[PDB]
Amino acid sequence: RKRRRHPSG
Amino acid sequence: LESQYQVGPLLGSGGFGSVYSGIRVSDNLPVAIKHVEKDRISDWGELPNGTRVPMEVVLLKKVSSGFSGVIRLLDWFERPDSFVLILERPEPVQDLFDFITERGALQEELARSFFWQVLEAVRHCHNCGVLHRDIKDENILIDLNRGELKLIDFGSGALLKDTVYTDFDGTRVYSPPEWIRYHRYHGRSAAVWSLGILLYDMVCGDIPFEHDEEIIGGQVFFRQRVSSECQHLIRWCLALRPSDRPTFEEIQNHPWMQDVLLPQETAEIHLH
Ligand SMILES: Nc1nc(-c2ccc3[nH]c(=O)[nH]c3c2)cs1
């Protein structure tokens with residue numbers, strides 16, 4: 001299953 | 001400015017800026033060197049000098065006194081179109097997002113040690129008047145030799161207050177349902193929600209929610225074997241009603257949180 005980073009700022 | 005530090009390779013870039021590995025020549029100390037473009041800076045603050053600086057600099061100075069689980073601001077400089085921040089650099093280091101990617105779901109003993117240290121770091125920020133607003137595994141470094149965790153990137157933070165916040169630039173999948181539904185939140189209870197997301201992330205190997213509808217749905221499905229006591233703490237942190245979430249004191253007094261490992265034991269048992 002796809003695990004990913006998530007952006008912010 | 002360019003004579004006090006030797007500049008190494010990019011460690012990364014993103015919503016925070018561009019961050020470089022570096023070395024302080026005065027004593028070969030490892031540092032991280034972060035550049036922020038003035039045109040991208042949303043919130044500005046001021047310090048005692050009345051000098052106008054990015055809020056991130058204000059918050060780092062307030063939490064950088066003494067030792068703690070926060071990466072300390074060692075110096076900063078203003079340039080024509082940017083600010084440059086000199087930050088601590090642990091070595092050797094891995095951020096908690098990559099650590100969970102490579103190792104999968106963490107053993108509860110190890111999640112307990114990490115989560116406890118994150119709670120102590122966040123309490124420190126709150127003691128100093130600082131709300132981080134972007135607690136997540138990506139914003140946590142692991143010093144792999146000392147077994148200590150360090151909080152980074154205050155670029156979405158704010159001064160801590162007791163009245164409502166109506167702005168937010170942190171990570172949406174860690175933001176609470178009252179933000180999703182009404183664009184309002186209070187600081188501590190929103191922080192507790194993101195700590196619930198983080199704890200689930202640690203013991204299950206990825207975050208529970210990706211979509212707004214899951215965030216506001218209030219259903220936590222456990223995809224790994226997790227003890228009933230840990231499930232209870234997570235579900236409490238993720239109560240839909242903010243007033244139903246635990247305080248930091250209730251989290252740390254929770255039965256799942258007892259008998260934490262020391263940082264050095266954590267390094268020797270799980271990281272060396
Ligand atoms: N992989 C590594 N990243 C750092 C680091 C240190 C401090 C930071 N503050 C930020 O906003 N980003 C940062 C990154 C040190 S070793």
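Chain A is the first sequence line, chain B the second, and so forth, proteins listed ahead of strands; every chain is numbered from 1. Atoms within a ligand are numbered from 1 in the order they appear, just like the ligands themselves. Computed over heavy atoms, backbone and side chain alike; hydrogens, waters and symmetry mates excluded.
Of all the heavy atoms of B:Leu85, none lies under 4.0 Å from any atom of ligand 1, so neither backbone nor side chain is involved.
The heavy atom nearest to atom 16 (S) of ligand 1, out of those in B:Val93, B:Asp134, B:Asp153, is found in B:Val93. Atom 12 (N) of ligand 1 has its nearest heavy-atom neighbour, among B:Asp95, B:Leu11, B:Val19, in B:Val19. Between B:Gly22, B:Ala32, B:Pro90, it is B:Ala32 that holds the heavy atom closest to atom 5 (C) of ligand 1.
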**OP:** I would like to know whether B:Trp256 and B:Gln231 meet side-chain hydrogen bond (donor to acceptor under 3.5 Å, both in side chains); could you show each step before the answer?
**Re:** CA-CA 9 Å; B:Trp256 185 73; B:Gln231 288 197 16; over 6 Å; no
**OP:** Check step by step if ring pair (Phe, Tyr, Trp, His ring centres under 6.0 Å) holds for B:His126 and B:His132.
**Re:** CA-CA 9 Å; B:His126 293 197; B:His132 184 285; 9.7 Å; no
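Side-chain contact of B:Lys38 with B:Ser82: a donor-acceptor pair under 3.5 Å is absent, judged by distance alone. Donor-acceptor pairing under 3.5 Å is lacking for the side chains of B:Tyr20 and B:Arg89. Using a 3.5 Å distance cut-off with no hydrogens or angles, the side chains of B:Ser13 and B:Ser18 do not pair a donor with an acceptor.
Close N/O approach between B:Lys34 and ligand 1 is found [any backbone or side-chain N/O within under 3.5 Å].
In the vicinity of B:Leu87, heavy-atom distances shorter than 4.0 Å reach the ligand 1 atoms 7 (C), 8 (C), 9 (N). Close contacts of ligand 1 with B:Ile71, meaning ligand atoms under 4.0 Å from a residue heavy atom, involve 7 (C).
Relative to the six-membered ring of B:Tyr174, B:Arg133 misses at least one condition, a distance below 6.0 Å or an angle of at most 45° to the axis.
Among protein heavy atoms, the minimum distance from atom 4 (C) of ligand 1 is reached at B:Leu141 CD1, 3.6 Å. When only non-hydrogen protein atoms are considered, atom 13 (C) of ligand 1 lies nearest to B:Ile152 CD1, 3.9 Å.
Shown here is B:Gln258, whose CD atom has more than 12 heavy atoms of other residues, nucleotides or ligands within 6.0 Å.
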